[PDB]
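>>> Below you'll find the sequence and an experimental structure to go with it.
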There are 4 protein chains.
Amino acid sequence: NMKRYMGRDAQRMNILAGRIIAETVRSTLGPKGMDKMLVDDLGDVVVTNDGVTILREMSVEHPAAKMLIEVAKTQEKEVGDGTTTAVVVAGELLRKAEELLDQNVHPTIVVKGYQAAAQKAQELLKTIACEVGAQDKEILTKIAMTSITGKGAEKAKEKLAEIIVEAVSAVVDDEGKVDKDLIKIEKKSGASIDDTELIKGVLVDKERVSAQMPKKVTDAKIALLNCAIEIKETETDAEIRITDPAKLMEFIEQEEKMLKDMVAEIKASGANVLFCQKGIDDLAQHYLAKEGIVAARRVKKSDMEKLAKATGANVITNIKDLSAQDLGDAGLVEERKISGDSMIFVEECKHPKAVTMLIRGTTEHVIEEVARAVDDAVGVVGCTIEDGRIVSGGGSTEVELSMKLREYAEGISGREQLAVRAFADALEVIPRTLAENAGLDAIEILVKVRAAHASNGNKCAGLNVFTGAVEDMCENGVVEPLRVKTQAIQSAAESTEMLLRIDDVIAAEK
Amino acid sequence: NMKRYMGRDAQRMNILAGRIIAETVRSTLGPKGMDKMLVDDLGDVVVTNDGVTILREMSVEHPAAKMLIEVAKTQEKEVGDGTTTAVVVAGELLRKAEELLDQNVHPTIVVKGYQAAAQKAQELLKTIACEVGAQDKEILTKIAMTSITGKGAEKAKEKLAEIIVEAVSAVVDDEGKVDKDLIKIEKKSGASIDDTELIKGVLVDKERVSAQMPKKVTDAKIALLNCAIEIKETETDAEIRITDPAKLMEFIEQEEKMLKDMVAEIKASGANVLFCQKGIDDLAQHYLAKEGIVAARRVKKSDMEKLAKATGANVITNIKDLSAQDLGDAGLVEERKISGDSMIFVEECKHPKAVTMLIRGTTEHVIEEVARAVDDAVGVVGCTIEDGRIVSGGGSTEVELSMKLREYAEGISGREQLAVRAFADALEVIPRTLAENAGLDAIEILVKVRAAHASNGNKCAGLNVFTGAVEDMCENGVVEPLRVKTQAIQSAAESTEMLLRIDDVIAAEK
Amino acid sequence: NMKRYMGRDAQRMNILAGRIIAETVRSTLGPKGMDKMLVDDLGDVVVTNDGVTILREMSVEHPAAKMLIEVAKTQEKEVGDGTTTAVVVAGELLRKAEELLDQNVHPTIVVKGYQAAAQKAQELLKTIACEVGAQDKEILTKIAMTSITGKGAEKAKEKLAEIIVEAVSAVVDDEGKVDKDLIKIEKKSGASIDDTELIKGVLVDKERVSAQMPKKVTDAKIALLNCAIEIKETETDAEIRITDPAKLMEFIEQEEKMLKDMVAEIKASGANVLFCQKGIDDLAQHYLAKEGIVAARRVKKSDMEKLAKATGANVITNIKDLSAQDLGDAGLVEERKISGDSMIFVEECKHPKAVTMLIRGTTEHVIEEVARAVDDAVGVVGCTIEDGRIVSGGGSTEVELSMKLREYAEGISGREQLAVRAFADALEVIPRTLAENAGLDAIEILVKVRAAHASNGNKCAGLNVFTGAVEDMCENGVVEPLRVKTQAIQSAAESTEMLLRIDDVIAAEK
Amino acid sequence: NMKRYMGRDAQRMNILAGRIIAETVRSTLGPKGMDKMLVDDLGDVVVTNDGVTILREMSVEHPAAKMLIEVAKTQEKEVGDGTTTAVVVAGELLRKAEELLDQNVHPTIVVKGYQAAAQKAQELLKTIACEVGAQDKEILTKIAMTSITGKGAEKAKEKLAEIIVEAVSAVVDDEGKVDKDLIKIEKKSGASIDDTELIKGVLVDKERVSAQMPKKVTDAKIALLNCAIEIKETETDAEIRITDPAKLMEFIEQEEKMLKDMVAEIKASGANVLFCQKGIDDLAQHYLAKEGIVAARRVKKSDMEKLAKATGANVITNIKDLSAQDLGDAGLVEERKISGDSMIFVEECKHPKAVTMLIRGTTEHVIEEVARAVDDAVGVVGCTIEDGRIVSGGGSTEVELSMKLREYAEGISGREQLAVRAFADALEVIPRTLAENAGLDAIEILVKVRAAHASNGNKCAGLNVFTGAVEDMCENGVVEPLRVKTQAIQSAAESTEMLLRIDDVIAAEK
């Protein structure tokens, strides 16, 4: 019952099917891209702009499509959004090989061509790289503004870019390995995007441990405890053997003394706020309250980590080693209710190594996609400070790229010319698809812009989709990180190279 | 319902079916070989070039095909890639026997012939053996370059061969038993092949045990512990019987003292990095951190083994025997995140007995097959230093081999001549299949190259598939280990010999 | 639904069905015999030459066939291979009785005849017995060379016979009860038969217990321990009741002391190699390593037994009784990897009472059947030294046997003549079937060889299947143990005798 | 359950499916074309080279494919073979529109382009027309030799072309409407093609009506009767009322007299051979035999028609009007058995207006396809004398056609350029597909031949598939009727034009 594909059969399936996946998602590309609604088997509803979410959620059957998950997953780790860009070009590359395969051009020649094209593209990528001010926050923000496109919340790119770039600039480390996961994205539905804000510290989704404890403490002295605040029990099994009535109270009171004195030791640190990863004994809560100590229980480990990054406090295992010099600082620690939801807010931190962006919004889908938009911008900004070099975006540079690729094809010649020239031909699909999704005549845009664009020193001329005509991309600030174009485009092809080597598909049906 | 085959019936099935398996995989052979896509019953997708993976993953039904698994499995242990070479010749040997069997040539005569052919081939194998510089790394690398063919990452054979041969030369032992499993292949998807590199030490896929511990230590003092760092519990069952309140704290504190002092003993070794195969008590982490000790927990035993090979450190069971002289060394021990994945890197080791090659790449399939390519090259290089003798490859030598096999057939005569001559005839299928898969007229190549090749002292003349014409294989460096051709070809036949003795197949259907 | 057979009905079934089993396996007989492929219900594949394997694996339905399992099973215990010989004759004996039964010859007369034939055959067996040098190893080897026929690895009978006969001569005991199970056959797929070898000692399929222990020790001092090397626990239930904190360390250290001192006692024996049938405590490994003791854990009991036979070491239960005089010796004990498989080799033993033959080969089937071939040769050689008397083989002697059986029939006369003469007629089927399977005219061979063979003193004239003509079997060394022909042939008939008494078959269907 | 296609959906289906039909039949094109085996639902076997047979016999499901039946059916009526030529180009035209449709080029623009291309092609067709001798039989035969290609009986084109062209030249009428159905193709399996021959007259598959009649008559006097030779019965119902015994014989004898005298009247015409479309009374046979009249009964109407064309005899209804001047002539009328099959042969006719080609051959398939080959040649020869103008064939002229089509595209410009240039691009697929089916590098042939072909006055340069290289088509006589290229190519596109207008497919499942 399972189908078996060899040679041309496998080619027809792999090419058409992967192309069909691309044909499905091609509409999502860029400022003019639209969105998709995916509902799973259990009936749960997801609204997405994200290609990876689309691929990982859609019930993908053909292996060749499943390959795109691997590529897009890597694209997520490096560049974030715009993966549609790579997919669409690959779809054309599949079509371009189909045409050459119909001529019976040897598959290894096509791949040989793409390898040479990758090497030549690397040179071209280094050539198009525009050096920019590595520390200029405002221009960096301008890049972030372009980064915030292809979602409906770019109307507020003003505040949004400010928060996102500020957050990244805050976490800048000597070494580029800066992990954007050190910037927390906190989601809370309710209200609208207008209430979104930057917290120079951390928001903890927990409740005040005891109702009687202070609700707000300004210059807090933060302690981090990962141990439970209870009567400690040994690892070795042990049992009390009582032989006299008074012992009943002596041992009960001993546990009272161990807890109480342990709390006195907590108090002896000077701590005024204490975060516990595990639980807190009811009586512990009582004494801590009487000691004026504000407590948070069962704090999620990753939150414990961000607390350390914000306050400077170190997680202590043994209270006996806990001293005042182990305490961290926060300009304000306060218990807050947002949309009536009790949470513990760590704000105004002195020298936070991590920060948290609070996102507000009308629905779960709103806050999911806005939060996703923030992660996306944050990734590309991170790359932008990681290599202070950019290129114009919007499909404009790919014209200049194909421009000289055609020259290489002419200098190479023969059948290899076909493979490289076809690559170049596919490289132009990006502006072509943008134009079509923008509702414009793509032939008009490509011909006319290509004519203007080529012109030796007219590099930045691209398409303005708002006025629907050729325009200088530079002054409008339509640019992209060098890294995003670099890794996405080159890898897009290099992964296809393996698919092109496939001449036999033997697949069982699940 | 089960089918039963005897005599000719069994012959027709065994010959056709095994031939069909060969017909399926024949396309995968050599520099011009293509790839296959296999998807299992659960829908999981595998992309492979490897014959053994193909046979062990494919749902093989006919026993005769299952036999090839046994041969290919041995081929893997000795020679690695190129198993297609043996399979294809065997397929022709099956066809050649079919023709002779249609004449009713006695099966034992065919086998008798192949036995004589194996013995004569051994003499011929010793004759074609070219002695080469046993320690010449660069020429060895040139061999490795040929070894890296039949995969799409040979574009980077420059760096790749350098790492692979360097790694093997590093682990050279007085005795040839050098086990290439002493060279670790570490896979990490992300980025592209470009980032692949040689680690003169070991990469450990674990996280820093305590967040507060040093993240980087240059000249580290490595200790290897296989015991858990916890309060030790006896093998004999034991229970504490408490009769006084103060005992509760005395025993709790006793465990604190046993742990703490045990840690002091760890500190007394001078160790600055400690690897634990089992777990580490939370409080242990605290004290070790305060002692400035960098710790790794739950370290995989095989990683513990490579750590010993890299640092010189010995795995200690009893801390009481742990002393500074038991410590090993590493030029750098550092906590790193790659693609945002926390790992512990042991680099720049002084005199590493094992090394680790880090492979980067765009997809899981990329890193699987590149890693497989590395294992393959490593095996054939190992054989190459194991016997410093080589032969030309590419099907060229097999012409010279059949050349004199024909002379033997003429000196032997009779019906035995048919068996030996048929063997020789089958021996030429290799260049023949390469030619066909290369898109060329195989008769043209065989006739014309055979004419040139024979010519007494024109041994190295083989086929250049890039220009598609006869060429001197020597100057182009198209060569293979003596061992690979030796074991693969001789065994290929010797296994068939048993199949030829089969005159009755009685098989139940699963 | 079950079928019921009486009288002639049962005769027709029993005779035809058992004959059909014989007709199936008759092709496997002798130097010219072929092989069979049996695949079970689970799809597992077995390749065999062995009749017992064929019968015990085949799904046998008819009871009469199941009877042959009992006979062949006994044949295995006494003579090993050649069981086809007995089966085929019995098949003819069934046919010969059918002819006589069609005349209504009384069943008890047929059996009465076979009883007399067994008695007369015993006299004839004693008469044909050729006395040979009981201790001549080389001629014994020549017998072993004939023993190695009917498998495809007789090409290497040179080395193979040398190892097999040497191994038997090594284990010769004053008493003939020598059990060939005292010679171990060790199988390792990989490489080819060429690497097969004799180990004057034992190969143990286990790993070095601690990585730090010596990997090779020449003149080893072997100790055999069947007890686990751990803190000993009493048979009586016991529990420690701790009342003071210091006890925690006192009891932990007590176990450290019991283990450590126990190891000191091990060291006090002088032992340098220790085999443990059970497990070894992790700390025990540490101390033993520090003491320079090479250890093997979880050693299979039968391996413990062969170790005793090789080294002279005695298995000790109580270490307290272990002394240096209990230690055994081995010329070399070494940790080896074969095909990358860690194993512990006990070689060069001084006065080994057992030896181990290492078999190499390309597939599992190779090593199974080669190992089976070794067991077979070993059994018939054992019989050959057990009674230093032989006869010519190849069906030649059975002519001389029938020759005088015909004389007995003539001296007996009457209906009894028919039974005995028919037995004699069946006795000639062996050379007849060999001839047919050899592709020759069986009537030509039987008539012509019978004419020459009879001739008073021309006993050794038999068939040379290689040149396909009559030849003196003696000079070509085509001979068999007296025992094999004796037990196999006589019993073959004596078991049939019971089947002939069956006049009623009432069998339920499973 | 039925599927519904709109817009792109319908485009993808129509384009792919029709292309797939083309991909199936493309292999059948030209001298190097191969054949197909089609077996219907009832199991009957058809072997064909003919596209129309392929389409009308294959179970075609998609309407777009069914459209090709309409085109090919017309192609059959005008040009006969080579329909694959049109189909393949259309398949590329579908692919070329797919590429333009993927750019969203307006469908009417594509069609507008093809309309202009048809008009320009008409001019180009008139331009390439080579005027040739209208009555030169031998050169005409040379054209017929090319016409006989793409079937395996062209080995005998010598005799075959001679018969076919002679037959056409024989039936030449002042007016071109000459219907080739006036040349009968008579099939008789048996013997081989060698016995094929031209009959200047007609072969009738009927038996001699009376065994006693002459078996052979040289200068026969032919009469054609379409009425039955029986006692005539009135249209009006009538009954005889007998009142006297003698009347019984009077009326019986009256019928004897009416028949007999009617026969005398037949004899009075002088006729010596008589063909009856209906039956012949038994007694009529008797008298006609006695009168020396050779008779054929139940003659098929179409055979009656060819008899008139051969002899000049006119079909008579009323014998009373039959006179000697109504008789036709034949040089020989004879009863013959071929392969033992009695038939009536009308040969050596004086001035035959129709002729019959007798085809012999080994199988039914042989005579079906050879007969089909004869019909095909006859059609294209007919066209060739219908307009005494030809062009080179073999894909050579289509290069020159596209050559100037490219010039038109350049002189037209804009988006219309794309449509026309794409047409031109598709026009080259013919030599491209020939090259591929010829086993050659199509890019090599197209590039190299295009380079030579273009060259102003180098028109006739095409591909010689026998030597596999460029060659002057003229001297080798590789030419085609002006009509065949004209009607086939232009119509091929004009039919596609309608398919391109399809934007909605609503199809029920049968």
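Here it is on my side, so go on. Residues are numbered from 1 along each chain as shown, chains lettered A, B, ... in the order given.

>>> mind checking how far the residue most central in space within chain A is from chain B?
Residue closest to the average C-alpha location in chain A (CA atoms, centre = their mean): residue A:375, at 3.9 Å. Relative to chain B, residue A:375 is positioned 13 Å away (CB to the nearest CB, to the nearest Å). Placement of C-beta: from N, CA and C, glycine included.

>>> dump the residue contacts of the residue of the stretch 301-450 of chain A found nearest chain C.
Nearest residue of the stretch 301-450 of chain A to chain C: residue A:320, at 17.3 Å (CB to the nearest CB). Counting by CB atoms under 8 Å, 6 or more residues apart in numbering or on different chains, residue A:320 makes contact with residue A:265.

>>> roughly how far apart are it and residue A:139?
52 Å (CB to CB, to the nearest Å).

>>> Quick check: beta-bridge partners of the residue in the stretch 401-510 of chain A that chain B sits nearest to?
Nearest residue of the stretch 401-510 of chain A to chain B (CB to the nearest CB) works out as residue A:507 at 3.5 Å. Judged by DSSP bridges, the bridge partners of residue A:507 are residue B:39.

>>> just residue A:463 next, same as before
Partner residues in beta bridges with residue A:463, using DSSP bridges, are residue A:470.

>>> Let me know whether it touches residue A:434 as I believe.
Yes: in this structure residue A:463 lies within contact range of residue A:434 using CB atoms under 8 Å: 6.7 Å.

>>> what's the overlap in contacts for the two?
Common neighbours of residue A:463 and residue A:434 (CB under 8 Å, 6+ apart) are A:394, A:395.

>>> wait, doesn't the residue of the stretch 401-510 of chain A closest to chain B sit right on residue A:1?
No: Residue A:507 is beyond contact range of residue A:1, at 11.4 Å (criterion: CB under 8 Å).

>>> Looking at those two, which has the bigger crowd around it?
Relative neighbour count places residue A:507 above the other of residue A:507 and residue A:1, with 20 against 4, counting by other CB atoms under 10 Å in any protein chain shown.

>>> so what's the more buried one up against?
A:2, A:3, A:4, A:63, B:37, B:38, B:39, B:45.

>>> and which of those residues is nearest chain D?
residue A:3 (16.0 Å).

>>> The closest one - nearest residue in space that isn't next to it in sequence?
residue A:507 (7.3 Å; CB to CB, 6 or more residues apart in numbering or on different chains).

>>> Could you do residue A:497 as well?
Per CB to CB, 6+ apart, closest to residue A:497 is residue A:111, 4.9 Å.

>>> ok, the one you found touching residue B:152?
Yes: applying CB under 8 Å, one finds residue A:111 in contact with residue B:152, separated by 6.4 Å.

>>> what touches both of those two?
Joint contacts of residue A:111 and residue B:152 (CB under 8 Å, 6+ apart) are A:497, A:501.

>>> For the residue in the stretch 101-250 of chain A that chain C sits nearest to, give its distance to residue C:430.
Closest contact between the stretch 101-250 of chain A and chain C, by CB to the nearest CB, is at residue A:236 (6.7 Å). Using CB to CB, residue A:236 is found at 79 Å from residue C:430.

>>> more neighbours, these two?
residue C:430 (26 against 19).

>>> my guess is the more buried one is in a helix, correct?
Yes: secondary structure of residue C:430 (DSSP: H, G, I helix; E, B strand; the rest coil): part of a helix.

>>> pretty sure it contacts residue C:90?
No: using CB under 8 Å as the test, residue C:430 is too far from residue C:90 to be in contact (11.5 Å).

>>> Check whether stretch A:257-268 comes into contact with chain B.
Yes: judged by CB under 8 Å from any CB of the partner chain, stretch A:257-268 comes into contact with chain B through residue A:258.

>>> Figure out how far that stretch is from the centre of its chain.
44 Å (CA atoms, centre = their mean, to the nearest Å).

>>> before we move on, back to that, show me just the buried residues among the contacts of residue A:507.
Neighbour counting by 16 or more other CB atoms under 10 Å in any protein chain shown classes A:63, B:37, B:38, B:39, B:45 among the contacts of residue A:507 as buried.

>>> now, which of those residues sits nearest residue C:334?
For the buried ones among the contacts of residue A:507, the closest approach to residue C:334 (CB to CB) belongs to residue B:38, at 41.9 Å.

>>> got the residues of chain A near chain C?
So chain A meets chain C at residue A:236 (CB under 8 Å from any CB).

>>> Just confirm residue A:5 is within a strand.
Yes: using three-state DSSP, the secondary structure at residue A:5 is a strand.

>>> For beta bridges, what are the partners of it?
Assigned bridge partners for residue A:5, using DSSP bridges, are residue A:505.
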